[PDB]
Structure formats: C-alpha cells, structure tokens
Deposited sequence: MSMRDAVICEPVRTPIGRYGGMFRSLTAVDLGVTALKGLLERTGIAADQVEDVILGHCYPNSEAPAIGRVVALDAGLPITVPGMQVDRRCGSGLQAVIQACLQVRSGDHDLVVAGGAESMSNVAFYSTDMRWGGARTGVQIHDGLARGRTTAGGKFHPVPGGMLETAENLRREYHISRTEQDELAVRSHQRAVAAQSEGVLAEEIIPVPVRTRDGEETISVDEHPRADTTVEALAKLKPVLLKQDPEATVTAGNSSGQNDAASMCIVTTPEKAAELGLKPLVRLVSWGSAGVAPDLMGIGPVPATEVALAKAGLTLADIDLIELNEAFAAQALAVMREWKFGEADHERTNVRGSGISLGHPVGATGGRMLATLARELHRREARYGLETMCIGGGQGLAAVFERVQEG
C-alpha cells in the first residue's frame, strides 16, 4: 500500500538570535503541529505517532515528538519520538513514517522536525563528578558539534565549512559562481513571497510583544554579487584561496516543519488531499571531510530503487548547505543552465536558512506543493549531512 504526504507545512524561518529567539523548539513544533491539524480538520485521535527530526535534543524535551504532541493538546494516547541523522533528520523522520504506514502498522502518523538553534544548550561533562582535578569545560552545543560528527578518526577542525572549501578546491569552484548561486537563492525566495505561494506552506507564528509573524526572516530582495564580493571568507587566515562566506552559506536558524503521512484510503476517508507519495529513498556514507557530496551517492541509490534517472526528475530540492558544496553536487550531476530552472525554485538554505531538524520538512513542503502546482510528476529531495552522509527521497505527484 502507498504512503502519501498530506498538508506539508512549516513555521516561517527565524535567524539565530532573531525574531524567534524567545521561542523553544517545542514552541515552534507545537505551532506547526497545531497549524497542520487546523488546516486538515482531522480528529486528534487519528494520529498514531509523532516522529520528529531534531538535532540538538536535551532534557528540556526528551523524545521531542511526544512532548510536542502533548503540548499541542493531542491525547495522551499519542506516542512520539526523536530522530537524528543531522541535516537529513526531517527526511529521515518522513521516511520512517512512510515505512511504518506502508507496512500496515499505522494508518496515519505525523512526521516533522523542529530546531531552535537560538536556544541550543551549553553543556558540560565535568560537573557530575567534579572538576577538582580536571577543571570544568563548557561547550556550545552548536560549536562543539562541528568538530565531532566524524568521530575521532576523521577530524575536520573547521567542521562543515571546512569540507565546503575542500569541495571548492577539488572542483575548482569560483567565488563568483558561489555568490551567483547565493543571489538566485534570495531572488527565488523573495519572488515566492510576493507571488503568494509561501502562504500555503507557512503556519504563522504568534510571538509576544500579539504580533503574528508569517514571513521568513532571512531572505533579502537586494542581494547582489557585488555586495557579496565584499564579504570575508571565514577561513581566509588559514586559506588564501578560501571562498566560503556567511553570504554564500546557509546560516543557523529556528523553525519547525510538520506533515501527515498516511495511506490513500485513510486520506480519502478523512477528506485529506494527498500531494505526493514516496517512490524511493536512499542513504549513503562518504568521507567526513567531503560530506557535502553526500547527495550524489544517496540520490543514485534512490533513483536506482525507483528505476529512474535524474532526467526523469521534474523538480529538485537540494539543501544548499554551502554554495560551493551545492555546486559540487551539480557538477557531479552534469547540470546545465536549464537544470537550475527546476532546482530549488522557491529558495534554499542559503536564502531561507538551515534550521537543521526542520530543513527536511521545509524542502518537502516546497517540493510537494510545487509538483502539484506545476502538474509535474517526480521530485527529488536530497541533502548532505554533517559527519559525512547523504539522504535522498523520490516523490511522485498523486
């Protein structure tokens, strides 16, 4: 039986330290979840699991999908959980949801993701037993995670950005091209805002001052290659040829994404309108210091399973973790000017942001809704993953 995606929504995406700074990841998740349930009008006891991608969990919200469900006023009979495959966590959550619905185990579950990078904890492993002899180290959850996802045998001191430079280096990718991709990104997000399509994607978020925010914080209409040319590469001191700036990289962000994963039968029965179904997915491991190229093997797996080629794909969502990383993938994919027209049509991580746990759900909402709008057939959602992985899923319009 099929697994279909219904009403994929998200909150707007705030900047790190920005408009959502005072909201927890649970706050955003509850908003998105309540928005989803209001739009679909389904009974709350129809939900059989809430599975959330979530990359900086802590005991403020253990097994966060459960906490989100309770805090949104779902029955205590609704189970939930947390998954982490770094940047792929929100797609991981969806795939998991698809497997347990296709299997006959559940008829309807929620898949999503929530991240408040503004409020990632500082933590220490030296206070339980005392620093009387070692001292006490405190770690930024965000900063520390950049150096550890490849474990002790594959060190990347400069984390993901360092690997983005590695790709720049290996693929001989110019700064200009990187900032050019950056500009397109902002233009498509800003275009999509004005063309009124983001309205169906977004659950507005009430913050309190009772101001309801319904626009993404990071996109800018005045973005240009000349302005971006002025930006300093983050690793310039250690690398003369460094190209990666804050301007052609995705930032740190706050957001939540939610959707319904069900069977076509159950959806008809509840008056849902399925937008896509899962055709295939793939995962893959690559070298931690080249994590950015993770989408290429992942996508090959997903395409092979489905019996498709990349030419069979009408729409592409590729999280653009860094411009150099994304361009590397598109080089491997042998992309023309023509291919950019079907890729990241409403923006990407660079323009919208990268609220890690929620990104898979953002890309999905965009992909699902745009396939429908273009009456296109196949979509590919794929992303690189810190520590050296890739995830890809192929969807087909219903």
item: Deposited sequence positions missing from the model - stretches, numbered from 1, in order; value: 1-3, 213-215, 405-407
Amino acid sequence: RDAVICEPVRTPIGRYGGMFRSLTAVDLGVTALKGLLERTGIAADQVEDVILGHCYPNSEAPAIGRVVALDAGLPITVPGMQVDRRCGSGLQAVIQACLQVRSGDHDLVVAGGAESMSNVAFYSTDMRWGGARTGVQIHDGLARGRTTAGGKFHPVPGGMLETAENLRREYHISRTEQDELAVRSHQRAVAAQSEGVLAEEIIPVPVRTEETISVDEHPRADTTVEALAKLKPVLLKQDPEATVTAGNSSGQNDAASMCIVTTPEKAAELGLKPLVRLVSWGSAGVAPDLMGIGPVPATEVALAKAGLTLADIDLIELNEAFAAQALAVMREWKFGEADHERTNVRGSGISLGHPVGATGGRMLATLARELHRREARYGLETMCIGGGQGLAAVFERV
From here on, numbers count along this sequence of modelled residues.
query: At least a third of the other entries leave residue 242 unmodelled; finding: yes
query: Test item: residue 213 lacks coordinates in at least a third of other entries; finding: no
query: Entry-level comparison of average CA B-factors, 320-328 and 224-232, reporting the higher stretch; finding: 224-232
query: Which of 235-243 and 114-122 has higher mean CA B factor, as the PDB entry lists it; finding: 235-243
query: Identity of residue with top Cα B-factor, from 162, 84, 105, 300; finding: 162
query: Given 182, 143, 72, 278, the residue at which the Cα B factor reaches its maximum; finding: 182
query: Within-chain third of residue 295 by Cα B-factor, per the entry; finding: middle
query: For residue 33, the third of its chain into which the C-alpha B factor falls; finding: lowest
query: Third of chain Cα B-factors occupied by residue 210; finding: highest
query: CA B-factor ranking of residue 356, expressed as a third of its chain; finding: lowest
query: Within-chain third of residue 166 by Cα B-factor, per the entry; finding: highest
